[PDB]
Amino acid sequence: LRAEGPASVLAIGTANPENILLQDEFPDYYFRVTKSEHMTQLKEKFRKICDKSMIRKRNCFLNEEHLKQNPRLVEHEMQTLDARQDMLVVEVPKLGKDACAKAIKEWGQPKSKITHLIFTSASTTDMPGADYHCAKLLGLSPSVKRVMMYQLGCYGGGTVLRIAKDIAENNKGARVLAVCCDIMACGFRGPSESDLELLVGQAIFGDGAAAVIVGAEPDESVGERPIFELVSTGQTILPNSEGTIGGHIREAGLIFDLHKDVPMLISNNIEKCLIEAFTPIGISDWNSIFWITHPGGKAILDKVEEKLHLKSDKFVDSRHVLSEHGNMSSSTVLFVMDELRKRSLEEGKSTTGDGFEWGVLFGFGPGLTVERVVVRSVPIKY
């Protein structure tokens, strides 16, 4: 028995740790707790990176008491993976379960109707995985079909939507719980004079989890209503991008590579993704649609906006999420989805997509891989 019509997002939930990192105070915090305050010139460059990041605040699970309890974590490169794993194999499923619960609350259906669980995280790795623990913490059926996807990266938010679409539409009644979660205790480390690449990540990455319920044939009879339709999906590797975005599980924890070319590579290639995605729909004005864009960095948004001459209203939700949360990897793009529909409602727009009918969702991550989802809005009943 296959489902009729397209899969849609029926609910969204998000969660963040309680502890907060004010970006104005982070240079002082970072260089103090890492006992690197003598690197004045480096701290000066780090301060400019933080000030230019357009991040006002992040939530982070790792706090100063964790650092005093294990000073090894504040060093630059030091065998710490066990200590990080010990924390994250617990916290990642926990924070993920927090976001799942809020999404199920909105959804308003028995957890026994959840037939599938998709879980993605780049912050940890274990067997059984975070899908198992999150399922147990939620009290889901022991026969929930799980799709565990460790170490995707920041494109992963588009991935779980792609996976959920085919599952929901091919299985009548299937209701897919897809959650992303990342905790940057996996890659926190101290500064080195030879790494501005490190400092960039230390300034932009924050903690969070985002969960959605995906399903076809929404049942208004019992309180289900979709927010966004998932119309088509794609995934591609950008040319001349090899090595530009990388992340590795090592004895020192998560070690990442981040090339300065990434913003230009995305901007110079993204229009082909739009043509490839919207030519069948007959759309060519990239301002006549709504955008749900992963804010991988201020620069990425700025350059895409520049190359395509996008009105400033398109990345408003991306920038607001980046300001209040930083880059949370795979979850970030679903935070933006949620903000888009909450702002549309609060501003009296006619649809959940800022008043537009058609939209596009993008994730960017290692590859350099681009995840794309053409999405359709729903009218807002007033």
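Heads up: residue numbers just count along the shown sequence, starting at 1.
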Revision key, fill the gap. Comparing 35 to 43 with 317 to 325, the higher average Cα temperature factor in the PDB entry belongs to 35 to 43
Study note, to complete from the structure: The stretch whose C-alpha atoms carry the larger average B-factor in the entry, 134 to 142 or 191 to 199, is 191 to 199
Review point. Among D82, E224, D166, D126, which carries the highest Cα B-factor?
Key: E224
Revision key, fill the gap. Based on the PDB entry, the highest CA temperature factor among the options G234, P295, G206, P71 is that of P71
Exercise for review: Comparing against every modelled residue in the chain, figure out the third that the C-alpha B-factor of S331 lands in (lowest, middle or highest).
Suggested key: lowest
Check your understanding: Split the chain's modelled residues into thirds by Cα B-factor; is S53 in the lowest, middle or highest one?
Key -> lowest
Practice item. Classify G282 as lowest, middle or highest third according to the C-alpha B-factor given in the PDB entry, relative to its own chain. Key: highest
Check your understanding: What third of the chain, by the recorded C-alpha B-factor, contains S288?
Key -> highest
Practice item. Grab the CA temperature factor for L21 from the record and place it in the lowest, middle or highest third of its chain. Key: middle
